[PDB]
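Here, each number is a calculation from the coordinates, and none is a lab measurement. Heads up, the Cβs are rebuilt from the backbone with ideal geometry, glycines too, and the neighbour counts pull from every protein chain shown.
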Amino acid sequence: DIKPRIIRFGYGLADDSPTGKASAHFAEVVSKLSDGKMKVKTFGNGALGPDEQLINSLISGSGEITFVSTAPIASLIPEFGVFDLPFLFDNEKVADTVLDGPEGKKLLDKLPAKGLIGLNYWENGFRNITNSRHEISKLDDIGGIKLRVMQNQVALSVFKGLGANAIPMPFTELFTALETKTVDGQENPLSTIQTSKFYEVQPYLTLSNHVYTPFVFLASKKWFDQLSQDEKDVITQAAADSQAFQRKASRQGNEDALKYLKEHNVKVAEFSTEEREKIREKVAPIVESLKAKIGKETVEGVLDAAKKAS
Ligand SMILES: O=C(O)[C@H](O)[C@@H](O)[C@H](O)[C@H](O)CO
C-alpha cells in the first residue's frame, strides 16, 4: 500500500559531508523499500535555509524531512538545551547509548506536541574551536574572542562564561562571517570544518572536543500522519538503516578530516592537562546555573545515564 510520492529533504551541511552522504543513502533506501515509488530529493548546503527555517518548514508542511542540531530545538523545547553543556559524553559510545536509551527517548517524545516526529538521533559530533586571531591553547586565550555560537541561551551562556564574545548566528551565514572577520571564530566537528571549508579562513584549530552535538532526524508530523502505515514503515525502516550508516560515516569522516587538515598545514593545538582542568572549574558554576533553563530532571537524568554507560 505505497503510492508514488516525492519527499523533500533539505539540510545545512555541505552535500559531501558525512551527513550529506547519509541523506543521499536515506533517499536510496526509501526508493529501494518502496520499489521506486517514494522519491526523496535532497537539498544540501542550506539551499532550503538554516536549521531554524527547516524546522518551521516541517511544522507547516512545506518540507517533509530534515536533520538539525539539537541546539535550535531548544528554542521550542528547552530540555534539548542539555546537549550544549560541555563535556557531557566521554566518547561516541556513551553518546550512542544515552541517545538511543530512555533519556534520549524522553526528549524525542516531546517533539509531536510541536508538530515534529523525532525518527532517531544522528551524529553531528564533538566540536572543536577554530579562529583567525591567534592560537587557542589556554583558557585565557579565549578571552575577548568573537566566537559564533549556535542560537541557544545555553551555547551563548557557556561561551560567555569562558570569556568569549559569543555571537549567535545561523550556520548558513557562518562561512561569510568567518571570511570577512565579522567573527574571529566558530566551533564545529572536524568534518564540518573541512567540508564547509572553514579552514580556508581559519588558520587556527584547537582540538578541544568541548561539546557533543546530536542531530535529530526529523519528519513533519502533519505529513507523516497522512501517510499509509506501509509508507510510514518505509520511512522508519530507512531511518534505522540510515542512522547506522550515518554514524559510521561520521566517525570515519572525523578521522579523515583530521588527516586532511593536518596534511593541509592548518595550525593545530590542544588544551594541556592543566588547561583542561582550568576549563572544568570555570565550567562547573554556570553549568549549575543553566540547569534551571534546561530542566533539572533532564540534566540529572542525562548525566546519570552517561555515568552508567561509562
Ligand atoms: O554549527 C551548527 O549550527 C551545526 O553544527 C550544523 O551542523 C547545523 O546544525 C547545520 O545546519 C546542520 O546541517
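After finding the eigenvalues of the alpha carbon gyration tensor for the chain, what semi-axes result from the square roots of 5 times each, listed largest first in whole Å?
Numbers: eigenvalues 210, 95, 58 Å².
In descending order, the three semi-axes are 32, 22, 17 Å.
Compute the helix-to-body angle for 273-294: its Cα long axis versus the longest principal axis of the chain, expressed 0 to 90° and rounded to tens.
50
Could you tell me how far the Cα centroid of region 164-233 sits from the Cα centroid of region 78-150, in Å?
11
Can you show me the helix-derived [θ] at 222 nm for the chain, built from DSSP H runs with n ≥ 4 at -39,500 (n - 2.57) apiece and divided by the number of residues, rounded to the nearest 500.
Numbers: 11 runs with 138 residues, N = 310.
Value at 222 nm, helices only: -14000 deg cm²/dmol.
With unit charges on the beta carbon (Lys/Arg positive, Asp/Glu negative), name the residue among 70, 19, 56 whose Cα is farthest towards the positive pole of the charge dipole of region 1-127.
Projecting each Cα onto the dipole axis, the largest value belongs to 56.
What FRET efficiency, computed as 1/(1 + (r/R0)^6) with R0 = 41 Å and r the Cβ-Cβ distance, is obtained for residue 236 and residue 297, rounded to the nearest 0.05? Display every interim value, and only then the final one.
On the way: r = 28 Å, r/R0 = 0.68.
In this case the efficiency is close to 0.90.
Using 7 Å Cα-to-Cβ label points, what is the residue 39/residue 278 separation (nm, one decimal)?
Simple spin-label model gives 5.8 nm for this pair.
Which of the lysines could a cross-linker bridge to residue 37, judged by Cα under 28 Å and excluding same-chain residues fewer than eight apart?
Counting by Cα, and skipping residues close in sequence, residue 37 has these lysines nearby: 3, 21, 221, 222, 232, 248.
Can you give the percent of C-alpha pairs in region 139-284 whose distance is more than 24 Å? Before the final figure, lay out the partial values.
Working: 4832 of 10585 pairs.
The calculated P(r) of region 139-284 puts 46 percent of pairs beyond 24 Å.
Compute the distribution of all C-alpha to C-alpha distances in region 188-246, in bins of 5 Å from 0, and list the percent of pairs in each, rounded to whole numbers.
All Cα pairs, binned at 5 Å, distribute as 4, 13, 17, 15, 12, 10, 11, 9, 6, 2, 0 percent.
For region 1-152, just run the numbers: alpha carbon Rg, then divide by 2.2 N^0.38 Å, N being how many residues it has.
Details: Rg = 17.7 Å, N = 152, 2.2 N^0.38 = 14.8 Å.
Cα Rg divided by the expected 2.2 N^0.38 Å: 1.19.
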